[PDB]
RNA sequence: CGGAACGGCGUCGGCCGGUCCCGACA
RNA sequence: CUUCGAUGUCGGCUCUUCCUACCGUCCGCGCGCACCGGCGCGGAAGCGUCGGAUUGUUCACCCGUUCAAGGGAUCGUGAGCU
RNA sequence: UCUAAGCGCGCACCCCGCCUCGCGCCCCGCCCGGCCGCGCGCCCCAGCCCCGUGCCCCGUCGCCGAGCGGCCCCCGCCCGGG
């Protein structure tokens, strides 16, 4: 949701004077979740528990929303049967916003919560390479589509105005 | 689906949200259910808004691709669409609706009496005609 | 009465503030016409209101205090607690002072 | 457990409640269908059962043991004295059903019909229809009401009274009933036919034909409080049964814990 | 007075039940045209299923089932009203439900609740059916009568419209008066209404 | 009967596929039965 | 931005008009009217090419454009050339007897398996039943509407059904020899 | 809608192996 | 688990209702469906499922007939009986 | 390709009619009165024909008349026979 690049290393020991500094980019709602997800990956990948390690920095990245960009996320999710890998492309203004879109579509269709999804890679996909038909549809310059939901406006207006003289035309 | 398509530059009216009650231009389509809207001359900042908030106005602004904010403001200023919408029935009602919001409890009292004067004046006009 | 000329903004006494288990008869939930949102209630807060007692035809004065919910209903306190036979009866939010 | 042996239920639940008839006499309820475009005809007549006879007749049913043979059958004679039409009623098929659009009575109503409108004729004011006869008797008032029926009524009926004097029974008050006029090209044709019959005797021969089939509505013979053996036709229990055998032995199961409307119970028989 | 034509039954009933508890008197017309969502095949099975539950010992003491489209609407609102309590009984008393526009409510001003209406409440591709047809199948005998009187009432309403149009033009010609001062204040005093 | 008539009659009475579970007359090239929605179709025994 | 669109070029002989989803086609044989307001379709006349166009084709809204297009093309060939379903009676022992009772508006079949029951099938309005001299025991059904003539021929086939027996052994009835597109 | 092994060309979302302008014998 | 300062114990007779996991009749479809007659399947609980010999028996077995499914209701039914 | 839109037929089942009852109500008769209210387009939503409002004061100053729409009122027994 915010995008944090988190750095961490094992505690310095007589056996190794400078342990390796590791860097990961974690998308999380807040810094405490980002430092928890950092250590979850570090524990499995490099055998570094939080007690045995330090957090050098948790830098928050600011991303421009001036233009919509095609984004591509490769993730792994656990369903009840077992773990699976999945590539999802979403067009969004910023990379954090695209990750939010990915998390909501995963919760809606695959019923997978944030904790059981690991984000292997988040990249900005080029307009030429768009394996997902949905992102390819809006990629072309001319995209005139009739309003998907013009019913919502009249239904929303009718909440305040419960009783109307005429039935509203959409 | 006959007219009023969600296209680049279509003038939009925000039905819901922080910038509700204001007009904007679709800079780009983000998805079937979201667009990137910005209205510098109407004060709406660039944001991605669900199409469920956006109401499509009949006017479309001729813009370049990737409008930016400064280029977009220049294009919106050149187009006569913004003023044409305001002079149109929806726009005139939109201007009236804004005045209605700027009204205290006291200004409701003056507006309720005036309405009852209209209610009884109309009945006098109707009876006299018959 | 004392309210004979006062213009008044229409409202209804829907119920006492309550939970399914416990009901607080001291505070009365009033729905004020034209207030459909919680922010809109701020306009009607701290206003003298009156409900005509059915038995005496005499106004029971009360004042709106806080908003009840996000839908614009307000919590009001009256000189006497409301009888309960006045549920659904109109209360009058006077636009003029007292 | 199951009933063990299959047996049907005793009695028609459709004829419940088996109570004394509240309606004074037999009532027609649904008359036969109009069949518009048929000849204009009266669908009903009231008569009093005289008694049965037994007749010998020649059977012409093809495909039968009696074809071209003679059979003796029970025949019921119903004394039908002529019924004088006294009023026309028009009903409209409203969304709430047939609703009366007013009844126009005759200018002169016979004494037997008048007797029906009082409990005791001798000790009575005899004020019924007094104003109506003054308003009518020129026919102008009656004609206006007939015109209103033609304009707003869908179903025309005649109100006629049996003359009790022509019958042997000790009545004196007349029984008044509505006889639907059917087979009309138009509602106004039906009103015209009815007006022709106003203050005029109608005969069974001009209502029903020989060989035609009728439906006879009447209250049946009464036996008063009867037992479930002679009311519902239940099986009398064995003669060893103490506390009597003329009773339904089990009036229901433990569950439902209340006796059902199906179960046979003693009460009015006729 | 609410025209029920095109209104989802439950969504309208929820609006009507609160309005009746708030002391408003509500009369519902063209109840036969309210729409219940779902295929008629299953909506009718669900109305036949409900007409199955009757007290075994005596059905005269049991749940009654109202075939009439207007009496169906009443029973829906009754479920959403505390009828056993006296507050609830009084709000039920203020409800009037009618199939067709009856003479009593013919000249009353009719409002619609756009939220309740089916066009905005259910997706096109979702099968939907008017309560009038479910009523006929469960055993209502007045559908032909209610349609005959609705069609003839609409012919009269057409004639009235043409006269209304001419009358409205003749009111507009007289809309010039002191009404102008009221207009100036009710808008140009910034009031905006 | 005339031979062509026997052929024509057979198109509607003999040529069909019967799903074993659904027992439903099904089109000759049917992967799944219309009612049973199953792949166990058979070719209809010839007279 | 997804639209499932199918375009059909209207024949010059046919003159058609679309209001709402009601399509009215005029032709030399006759005039026909269909209503497609059930489906959500954005049918655009656009001179000869009529685009059915279904916007946002989620699931079975992708099937609507080609089905409606084909129906409007069946309407075109029905009022220009006409549809001529042929039905062949198939007696094994007892010849089925067919009489056109009305002005080509009813058909009565007798002696089907020596059945006393007489089957009279009234044709749907706008379809005509005939008997063909050339084939022998052949009925010709002629109309300007593909559905109206086909529904009539299905009704004739259903009206003549062997009650029990073996259907594979007893193959008697009217069985539809030819699909059509020949005569009004 | 407590529910199983098994089915489903219901509707979506992926994963993998391929063949498409050497038109997926002409 | 609840009932022992007390919930009448089986079968029958009587009578009512209910269920479907439908035996016959109803509607189709299949068959190693020529017919007849079987058999399998899906919907269907409207109606029918009886008369007797032995046995307290439910059951059982047998005879007969318009050839005869299976159950539930405090193992339905004792201020109803025996 | 029987289905997805659309459409035809279709069960001793189901619902209704006919029937049994029936709260209420309607018409009329007698009598011919009181009371109360004031408020009408329609259709459609994949044309939605220009929308995205109106009302927002049932006393708050509104109550005349008219026209519509309602409501109320009122109908004995004893006694003898069936």
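FYI the Cβ positions are ideal-geometry reconstructions off the backbone, even for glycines, and counts take in every protein chain you see. Throughout, read-outs are computed from the coordinates displayed, never taken from laboratory work.
Tell me yes or no: at least one residue of segment G:13-24 is surrounded by fewer than 18 Cβ atoms within 10 Å (Cβ to Cβ) and touching a residue at least 60 places away in the same chain (Cβ under 8 Å).
Checked segment G:13-24: at least one residue is surrounded by fewer than 18 Cβ atoms within 10 Å (Cβ to Cβ) and touching a residue at least 60 places away in the same chain (Cβ under 8 Å).
Could you please find all residues in segment C:45-83 being at positive phi and more than 13 Å from the chain's Cα centre (by Cα)?
Selection gives C:57 alone.
Test of understanding: among F:6, F:18, which residue is within 14 Å of another protein chain (Cβ to nearest Cβ) and away from RNA strand J (no atom under 15 Å from the Cβ)?
Selected residue: F:6, the only one of F:6, F:18 that is within 14 Å of another protein chain (Cβ to nearest Cβ) and away from RNA strand J (no atom under 15 Å from the Cβ).
Kindly provide the set of residues from segment E:83-100 that are surrounded by fewer than 19 Cβ atoms within 10 Å (Cβ to Cβ), closer than 18 Å to residue C:87 by Cβ and touching a residue at least 40 places away in the same chain (Cβ under 8 Å), ordered by number.
E:87, E:88, E:92, E:94
Output yes when any residue across segment D:156-164 is within 30 Å of residue E:149 (Cβ to Cβ) and surrounded by fewer than 19 Cβ atoms within 10 Å (Cβ to Cβ), and no when none is.
no
Let's see how each residue does on (1) over 18 Å from residue G:55 (Cβ atoms); (2) part of a strand (DSSP E or B); (3) touching a residue at least 60 places away in the same chain (Cβ under 8 Å):
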residue: A:119; (1), (2), (3): yes, yes, yes
residue: A:122; (1), (2), (3): yes, yes, yes
residue: A:134; (1), (2), (3): no, no, no
residue: A:137; (1), (2), (3): no, no, no
residue: A:149; (1), (2), (3): no, no, no
residue: A:159; (1), (2), (3): yes, no, no
residue: A:169; (1), (2), (3): yes, no, no
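Going by the conditions given, is residue D:208 more than 16 Å from RNA strand H (Cβ to nearest atom), within 30 Å of residue D:37 (Cα to Cα) and within 28 Å of the chain's Cα centre (by Cα)?
Values: more than 16 Å from RNA strand H (Cβ to nearest atom): yes; within 30 Å of residue D:37 (Cα to Cα): yes; within 28 Å of the chain's Cα centre (by Cα): yes.
In short, yes.
Being surrounded by 12 or more Cβ atoms within 10 Å (Cβ to Cβ) and touching a strand residue (DSSP E or B) at 6+ places or on another chain (Cβ under 7 Å): is that true of residue F:41 here?
It is true that residue F:41 is surrounded by 12 or more Cβ atoms within 10 Å (Cβ to Cβ) and touching a strand residue (DSSP E or B) at 6+ places or on another chain (Cβ under 7 Å).
So which strands (runs of 3 or more DSSP E) stay within segment G:1-42 end to end and still have 3 or more residues that are within 13 Å of RNA strand J (Cβ to nearest atom)?
Those strands (runs of 3 or more DSSP E) span G:15-19, G:31-35.
Would you confirm whether or not segment B:30-44 contains a residue that is within 8 Å of chain A (Cβ to nearest Cβ), under 25 Å from residue G:1 (Cα atoms), buried (at least 20 other Cβ atoms within 10 Å of the Cβ) and out of contact with any helix residue (DSSP H, G or I) (no Cβ under 8 Å at 6 or more places or on another chain)?
yes
I'm trying to understand the selection: among the residues of segment A:74-131, which are within 14 Å of chain B (Cβ to nearest Cβ), more than 14 Å from RNA strand H (Cβ to nearest atom), more than 18 Å from residue B:33 (Cα to Cα) and touching a helix residue (DSSP H, G or I) at 6+ places or on another chain (Cβ under 7 Å)?
Selection gives A:127 alone.
Of all the helices (runs of 4 or more DSSP H) wholly in segment E:32-94, which have at least 3 residues that are more than 26 Å from residue E:114 (Cβ to Cβ)?
In segment E:32-94, the matching helices (runs of 4 or more DSSP H) lie at E:40-52, E:86-94.
Within segment B:2-17, can you find the residues that are in contact with a helix residue (DSSP H, G or I) (Cβ under 7 Å, 6 or more places away or on another chain) and either within 16 Å of RNA strand I (Cβ to nearest atom) or part of a loop (DSSP other than H, G, I, E, B) (or both)?
Once the filter is applied, which keeps residues that are in contact with a helix residue (DSSP H, G or I) (Cβ under 7 Å, 6 or more places away or on another chain) and either within 16 Å of RNA strand I (Cβ to nearest atom) or part of a loop (DSSP other than H, G, I, E, B) (or both), segment B:2-17 yields B:15, B:16.
Can we say residue B:51 is over 19 Å from residue A:157 (Cβ atoms), buried (at least 23 other Cβ atoms within 10 Å of the Cβ) and within 8 Å of chain A (Cβ to nearest Cβ)?
So residue B:51 fails the test.
Taking the residues in segment E:14-42 that are over 24 Å from residue C:90 (Cβ atoms) and within 11 Å of the chain's Cα centre (by Cα) as candidates, determine which candidate is surrounded by the fewest Cβ atoms within 10 Å (Cβ to Cβ).
E:33
Free of Cβ contacts under 8 Å to residues at least 60 places away in the same chain, part of a loop (DSSP other than H, G, I, E, B) and surrounded by 12 or more Cβ atoms within 10 Å (Cβ to Cβ), is that true of residue E:186?
Working: free of Cβ contacts under 8 Å to residues at least 60 places away in the same chain: yes; part of a loop (DSSP other than H, G, I, E, B): no; surrounded by 12 or more Cβ atoms within 10 Å (Cβ to Cβ): yes.
Considered against the rule, which asks whether it is free of Cβ contacts under 8 Å to residues at least 60 places away in the same chain, part of a loop (DSSP other than H, G, I, E, B) and surrounded by 12 or more Cβ atoms within 10 Å (Cβ to Cβ), residue E:186 comes out as no.
I'd like the full set of residues that are within 29 Å of residue G:58 (Cβ to Cβ), part of a loop (DSSP other than H, G, I, E, B) and either touching a residue at least 24 places away in the same chain (Cβ under 8 Å) or more than 8 Å from every other protein chain (Cβ to nearest Cβ) (or both), limited to segment E:114-148.
Of everything in segment E:114-148, those that are within 29 Å of residue G:58 (Cβ to Cβ), part of a loop (DSSP other than H, G, I, E, B) and either touching a residue at least 24 places away in the same chain (Cβ under 8 Å) or more than 8 Å from every other protein chain (Cβ to nearest Cβ) (or both) turn out to be E:115, E:116, E:122, E:123, E:126, E:127.
Tell me, yes or no, whether segment D:22-44 has at least one residue that is within 14 Å of another protein chain (Cβ to nearest Cβ), part of a loop (DSSP other than H, G, I, E, B) and either under 30 Å from residue D:235 (Cα atoms) or within 16 Å of RNA strand I (Cβ to nearest atom) (or both).
Residues of segment D:22-44 that are within 14 Å of another protein chain (Cβ to nearest Cβ), as a first pass: D:30.
Keeping just the survivors that are part of a loop (DSSP other than H, G, I, E, B) gives D:30.
Now drop any that are not either under 30 Å from residue D:235 (Cα atoms) or within 16 Å of RNA strand I (Cβ to nearest atom) (or both), which leaves none.
So far as segment D:22-44 goes, no, none of its residues is within 14 Å of another protein chain (Cβ to nearest Cβ), part of a loop (DSSP other than H, G, I, E, B) and either under 30 Å from residue D:235 (Cα atoms) or within 16 Å of RNA strand I (Cβ to nearest atom) (or both).
Please state which of the following conditions residue B:66 fails to meet, knowing it meets all the rest: (1) part of a loop (DSSP other than H, G, I, E, B); (2) touching a helix residue (DSSP H, G or I) at 6+ places or on another chain (Cβ under 7 Å).
In the conditions (1) part of a loop (DSSP other than H, G, I, E, B); (2) touching a helix residue (DSSP H, G or I) at 6+ places or on another chain (Cβ under 7 Å), residue B:66 misses (2) alone.
Go through segment F:25-47 and give me each residue that's within 11 Å of RNA strand J (Cβ to nearest atom) and within 21 Å of residue G:176 (Cβ to Cβ).
The answer is F:25, F:26, F:27, F:28, F:29, F:30, F:34.
What pairs come out if I take residues in segment G:156-170 that are near RNA strand I (Cβ under 6 Å from one of its atoms) and pair them with residues that are not in a loop (DSSP other than H, G, I, E, B) whose C-beta lies under 6 Å away, six or more apart or interchain?
Qualifying pairs under 6 Å: G:167/F:13.
Could you please find all residues in segment D:240-270 being touching a residue at least 24 places away in the same chain (Cβ under 8 Å) and either in a strand (DSSP E or B) or loosely packed, with under 10 Cβ neighbours inside 10 Å (or both)?
D:267, D:268
Conditions (1) within 24 Å of residue B:114 (Cβ to Cβ); (2) away from chain A (no Cβ under 14 Å); (3) exposed (fewer than 15 other Cβ atoms within 10 Å of the Cβ), marked per residue:
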| position | (1), (2), (3) |
| --- | --- |
| C:4 | yes, yes, yes |
| C:13 | no, yes, no |
| C:23 | no, yes, yes |
| C:33 | yes, no, yes |
| C:36 | yes, no, no |
| C:44 | yes, yes, no |
| C:49 | yes, yes, no |
| C:53 | no, yes, no |
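Quick grid of which residues meet (1) assigned to a strand (DSSP E or B); (2) buried (at least 20 other Cβ atoms within 10 Å of the Cβ):
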{"position": "A:55", "(1), (2)": "yes, no"}
{"position": "A:63", "(1), (2)": "no, no"}
{"position": "A:73", "(1), (2)": "yes, yes"}
{"position": "A:85", "(1), (2)": "yes, no"}
{"position": "A:90", "(1), (2)": "yes, yes"}
{"position": "A:100", "(1), (2)": "no, no"}
{"position": "A:105", "(1), (2)": "no, no"}
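Report whether or not residue B:103 is within 26 Å of residue E:191 (Cβ to Cβ), crowded, with 16+ Cβ neighbours inside 10 Å and within 14 Å of chain C (Cβ to nearest Cβ). Step through it out loud before you land on a result.
Details: within 26 Å of residue E:191 (Cβ to Cβ): yes; crowded, with 16+ Cβ neighbours inside 10 Å: yes; within 14 Å of chain C (Cβ to nearest Cβ): yes.
Against the criterion (within 26 Å of residue E:191 (Cβ to Cβ), crowded, with 16+ Cβ neighbours inside 10 Å and within 14 Å of chain C (Cβ to nearest Cβ)), residue B:103 qualifies.
Tell me whether segment G:72-92 contains one or more residues that are more than 14 Å from chain F (Cβ to nearest Cβ), within 16 Å of RNA strand I (Cβ to nearest atom) and part of a strand (DSSP E or B). Before you say what the answer is, go through the steps one by one.
Pass one, segment G:72-92, residues more than 14 Å from chain F (Cβ to nearest Cβ): G:72-84.
With the extra rule that they be within 16 Å of RNA strand I (Cβ to nearest atom), the set shrinks to none.
Looking through segment G:72-92, none of the residues is more than 14 Å from chain F (Cβ to nearest Cβ), within 16 Å of RNA strand I (Cβ to nearest atom) and part of a strand (DSSP E or B).
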